[PDB]
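Given next, in structure tokens, is a single chain: the form deposited without the partner chain.
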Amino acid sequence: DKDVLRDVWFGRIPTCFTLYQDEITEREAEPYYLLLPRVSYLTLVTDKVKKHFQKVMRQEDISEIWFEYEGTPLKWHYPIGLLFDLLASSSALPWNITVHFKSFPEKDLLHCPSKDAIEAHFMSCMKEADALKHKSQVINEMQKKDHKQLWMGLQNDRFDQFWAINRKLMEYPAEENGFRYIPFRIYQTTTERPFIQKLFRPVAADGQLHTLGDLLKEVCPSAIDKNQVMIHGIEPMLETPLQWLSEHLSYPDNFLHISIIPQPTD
């Protein structure tokens, strides 16, 4: 199933970056079109965007860049693919993101001062995942050099460099039929909570594997009846084994980010 991993890893989203209209510039700022990696983070891959729009502004107006979609500030610590699936998936391509250098939304966003702040948040997500699966035995048993290769593989978009280490994180003991718990997050646009995260085992008492519907029927019973269950931009069958999804369809942070969105209007 290595072909699925590449398809998930190399997914790209066409995106249109336009400067906010109230920002005062010395000259005209043309929109910057870019293909965003679904598995990476906004603050990571936007260096070309930041330099493009910073050339047209005065240092007096320069500040910490942040992004917004339809009046909603985009959380950079969420994977790009998730933000798109959850928000702009129903609209027309390309994804329209507005660039703001001013009036930072302190309440809704985390400051991303450097690349290290992204690596810090990223490694946290991995540690939290391996704690739910192996009880942090696999991630703690890696040398610090292996932890850097996971990050370097994401930063440099190297599928083999990353999955060389990340394959050890997808393996479980023989006697067991899967992970201890499945790391996942269920996002929904109309719910007050940021997402839904609970403890769910890949195996039932009788030994049968839990499916994607079994999980939803548990932690999100109101989404099955009208709603779309979207992972990496697709709509998997509810009978998909959950253990399989965690291995193959997870993000590089080993979390399964699930979006519940209504059917597109038209």
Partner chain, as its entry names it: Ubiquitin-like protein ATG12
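Only residues modelled in both forms are compared. Numbering follows the first chain given and starts at 1. We call the rigid core the largest set of C-alpha positions that still match within 1.5 Å between the two forms.
Just so it is clear, the following notes concern the form deposited with the partner chain bound, a form of the same protein that is not shown.
*Asks:* Which residue, 131, 87, 170, 164, has a heavy atom that falls within 4.5 Å of the partner chain in the bound PDB entry?
*Replies:* So the residue touching the partner chain in the bound PDB entry, by this definition, is 131.
*Asks:* According to a 4.5 angstroms non-hydrogen atom cut-off, is residue 199 in contact with the partner chain in the bound PDB entry?
*Replies:* Yes, residue 199 sits close enough to the partner chain in the bound PDB entry that at least one of its heavy atoms falls within 4.5 Å.
*Asks:* Is residue 100 close enough to the partner chain in the bound PDB entry to count, meaning some heavy atom within 4.5 Å?
*Replies:* No.
*Asks:* Residue 136 near the partner chain in the bound PDB entry, any heavy atom under 4.5 Å?
*Replies:* So residue 136 counts as contacting the partner chain.
*Asks:* Whether residue 105 contacts the partner chain in the bound PDB entry should be assessed with a 4.5 Å heavy atom distance threshold; does it?
*Replies:* Looking in the bound PDB entry, residue contacts with the partner chain do not include residue 105, since no heavy atom lies within 4.5 Å.
*Asks:* Within 184-207, which residues have a heavy atom closer than or equal to 4.5 Å from the partner chain in the bound PDB entry?
*Replies:* Sequence-ordered list: 185, 193, 194, 195, 197, 198, 199.
*Asks:* Mind listing the moving segments between this form and the one not shown, meaning three or more residues in a row, each Cα shifted 2 angstroms or more, core aligned?
*Replies:* That run whose C-alphas all shift by 2 Å or more is 22-28, the only one.
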